[PDB]
């Protein structure tokens, strides 16, 4: 399975667009492709859904049960302005703690070119 196919598959289950969970889909598929775990993640998403878990719940479970998400920091994405971040994410931005953890809700860190940093927290 490809990262794009899993992204699309996870998306078709998500309500709205550009929410924190879409960003999390992006992060999960990115890191998962980077260490050849797309397969396992796919399996876990499917399991979780089949178990009656909501897709957001499933994604969170991936963050907690897939080992790579315990060891990687939330990815840093460089952006231009705070307005580049989708509106559904706006009210979910907050100053980053010393060690933000993916399995504790930290999807990514938005590092702006003027120095500012805002974390995306679920």
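Residue numbers count along the first chain shown, from 1.
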*Given the B-factors recorded for C-alpha atoms, which segment has the greater mean, 23-31 or 76-84?*
76-84
*Mean C-alpha temperature factor, higher of 5-13 and 101-109*: 5-13
*Could you tell me which one of 40, 56, 63, 90 shows the highest CA temperature factor in the PDB record?*
56
_By the recorded C-alpha temperature factor, relative to the other modelled residues in its chain, which third is residue 44 in?_
lowest
